Structure formats: structure tokens, C-alpha cells
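Before any questions on how it binds or moves, here is one chain, the form deposited in one PDB entry, in C-alpha cells.
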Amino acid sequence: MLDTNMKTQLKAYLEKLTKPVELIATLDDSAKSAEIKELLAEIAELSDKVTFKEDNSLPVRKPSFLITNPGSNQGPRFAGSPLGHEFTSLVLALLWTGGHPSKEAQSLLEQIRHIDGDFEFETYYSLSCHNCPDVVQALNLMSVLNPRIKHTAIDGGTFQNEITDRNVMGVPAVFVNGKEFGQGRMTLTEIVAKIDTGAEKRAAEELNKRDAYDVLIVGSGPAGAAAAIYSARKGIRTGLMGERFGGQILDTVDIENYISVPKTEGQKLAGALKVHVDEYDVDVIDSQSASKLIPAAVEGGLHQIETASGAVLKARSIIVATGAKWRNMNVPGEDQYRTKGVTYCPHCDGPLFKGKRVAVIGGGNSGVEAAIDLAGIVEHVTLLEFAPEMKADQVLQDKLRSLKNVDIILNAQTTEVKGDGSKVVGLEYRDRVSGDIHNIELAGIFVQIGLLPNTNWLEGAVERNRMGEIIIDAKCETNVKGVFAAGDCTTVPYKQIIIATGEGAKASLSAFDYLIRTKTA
């Protein structure tokens, strides 16, 4: 039922065919079936690339035909007349099946190819339906890109029959696997959303496709945040990635040494950092965890970060700001009395125990230095050391043994933190030698057994000291060009919020200075 212009115009399009096309028909003795036989022979006529063939014993619509390549059973099937407004759809299904390319978003297309679930679409149209082609053409394209997406297009002029049976009251009307999918004007983009629950992952492929950063900051505590603020203010493209925005300050309550602010709270401060961050153009990336640094192979290259989630981000410069973890005793009551008398930091919380008894756990330099600090402020200090002797510098031991409100206990292993449901009232320990159990009354317990930088994931990539800290010069430079570090994860001597933010700012200004010094066209 091709007219003069469709025939001549189709001859033009058909010479685009790089591949062989077969139209496989399944037909009864109906007038319409003859209508369709005729049509297919008319098209086979117009190119040696197209051959027409019958198989009338197949479990499908009569009349219908498949458009495929030789040997495949993959491609769009029309049932009824593929003309009317759908002539362009017919041409197009032929063209694609014979290797003319889609006009579409290539990315969308590869998305379609790699899709797991099975699917059997069916669209209802009528020849006069001005809107049905885009939808038909959309879903035809799918059947060609992936064999697990079947698509039959149904002309309602033939099966006025079936329109009734599924009570379709308006066309185009799409169905998936028997279930009603939707109707009216749906672009390819919208159908593909609806269909694939898909990979949730691609924040992942989403990360992989983002552009290289001028600077990418890893770790979003105080240090990383300060870095980000200083970076974005120079207008360079900046990314701040980390596991959990706020870092260690999220798990603290009272903070009295964030200079200028007499008293704030961990949560308030983390939120105030977020707000200060969001004033600038910063790609903030939360709950991602860096698992490797790949240093640039050349002086104008890109550094790369891998994430535990599998993604790879790229940057001209990196700032690592992953902080550290204070070693826990791991004993019953510890978790329960964090911030309620169990603390990890004498500078932070010392003044809160004037008049009170406290313990320090750890006989290293950390603890011993902590006990002398606390001794000056508190009514009494007990230091518990796990081993038979203290690890501290002798000159610190002497000094701590000099004082008159301190007790040192050796071989002592804390077994329990004791509170009253609200706050610490004591401590329980074991003599590791005798196995006997002892009890102390106190209000504060300062754990000073060790810091652990969050830097194992950099082994071999940048240089660390013997405690895991990333070595930096005053400019926050590591031993790899273009890679900087700030905060508790570095060799910086003291671990504090106001110190962390400062280093962050420094690292960023060094990063900027590096970027501008390094280009050479």
C-alpha cells in the first residue's frame, strides 16, 4: 500500500543499508494478511539487502512480521499495517536493523544494552494516530539494542478485537509483560527510567564521569572543610570527598577552645562548617571512602583517587585530610560513658574536672604528659600502665613521680568503666600479674593509649613517619608533587580543631600556588 513517494523515498533510505535485513512474516488468509504480504514483497523489491520470507506456523499475531538480520530472532515485530503515521517507524526499524545508527544519546544506548531483566513490550496504535510514532520508534530501538527487550507494535485497525479485550481507551497504549505500562507521549529517556531499577551504584559511574578537579580534598572534617573554603574562594574547581561530613567533631558535645567562640557543640559546629562550605561552589561528596592514591606519572598530569565503592576521581592536586582515631580500651562502659566522663583528650576536657579525681590510661608520652597536665588542674590523678613499666621519656617519668597528687600503677588493665547511669563514678582493673581485681573512685577517665592516623590506605603512595602520620613541610607538602596533607593525619605535633582548620587553609593555598606554577602551556 506504498504510494509513489513512499516507494521512491524508501529506495533512497534503503541504500544506507550496510547489513542484510530479513522481514519474517506470519500470515492467515485474510485480506489484511494479503495487504501485508504485498507490502513486504514491495520492499524486498527495493533493495538486494532486503529479503522477505514466510513462516506461517509461529506462536504470534496474524498478520505480523519480524524485522531481523539473517539467523537472529531479534528485532521489532509489527502486527497489522505499519503504514499511516507509522511509515517513518517502519523505515527506521529497517535502517537500524541494517546498521544505520541512532540519533540518540550514545550513553543512554549502552545503558540499554547492558540491562538484566526480561521484558515484553507491546504498543497499541492506529494509523491516524499523530503521536504514536515517537513512542513506537522509541521501543523499537530498544528491541534492536538488547534481545531481552521484546517489542510488538499493534495496529488497532486490525485487532479492533484486542483493543476491546484489554479495554484500551486511548492510544498510544504500552504494556509490559501483560501489565499496563503507560500511555500518551513518553520519550525514550522516560521509558528507560521507568523500566530499570538498575544499578543504584552510579553515584559510582556518576563519579567516574565527572570532570577532573583542580583540587580534590579527601576527608571532610575541620581540616578538609577549611581547605575547601579556601579553595573555592579562588574560584577553582573543588571537590570535597569524605566518609562523614564533620569528622570527629560530630561525636563531641562541648567545645570551649574553638578560638573566639567561648562555647559551642560538636553538632552545631559541624553544621556551621557545612553552611560555610555551601556558601561556595564546592562539589561535596559524602559517604565515599578513599582506598587508593595513584600519583601522576608526569609533572602536568592528574592524580587519581580510588574509592571503596569502585569509582575513580581525578585532580590536578590533592589534599588529604583524613584525620585519626584515638585507640579505645574496648571495655564494658566505655561506649556508654563517652562524653560523660570517658574522654580522649586532656587539652579539650581538662578544665572540666577541677576538684575531681581522674585516671589516665596509657604510660606513653601521651598519657604521662596528660597526667602532669591534669595533675596541675585536678584534685588527684591515677595513671594505669598495662605493661610492667612505662614507655614515657625518663624525664617525663621523673616529673610525674615528683608530684604529690598522682599515683602510678603498673601491670594494670582496665576491665570496666563504672557510672551511675549518668556519669562515671569509677573504674575497675585487673593486675595482669596476680589476676586480682581492683576498684577506683573517680569522675574522669582520659584514654591516652595511642592515636592511629587514617592513612594505611596510602602505604607506598606518600611518605609516612613511624606512627603513620603523613610527613609534611611547613607548606603542607608531601614527598609527592601536587599532593598535600592537613590535619590530624599529618606530622603536625598537636591534634586540635583550630590547628586542623589552620593547616587546611595552608594546604589549600599551597595547592593553589602549585597549580599556578605548574602549567607550561
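The first residue of the shown sequence is 1; numbering continues from there.
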{"item": "107-115 versus 213-221 - which carries the larger mean C-alpha B factor in the record", "value": "107-115"}
{"item": "Stretch exceeding the other in mean C-alpha B-factor - 253-261, 385-393", "value": "385-393"}
{"item": "Largest Cα B-factor, entry values, listed residues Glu469, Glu54, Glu459, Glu38", "value": "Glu54"}
{"item": "Peak C-alpha temperature factor (PDB record), options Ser72, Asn328, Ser89, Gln413", "value": "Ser72"}
{"item": "Within-chain third of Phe78 by Cα B-factor, per the entry", "value": "middle"}
{"item": "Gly426 - which third its CA temperature factor falls in, relative to the rest of the chain", "value": "lowest"}
{"item": "Chain-wide C-alpha B factor ranking for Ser434, given as lowest, middle or highest third", "value": "middle"}
{"item": "Where the record places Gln448 (Cα B-factor, split into thirds across the chain)", "value": "lowest"}
{"item": "Chain-relative CA temperature factor third for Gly170", "value": "highest"}
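Same protein, other form: the form deposited in another entry, not shown, and the subject of what follows.
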item: Rigid-body membership between the shown form and the other one: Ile217 with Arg185; value: no
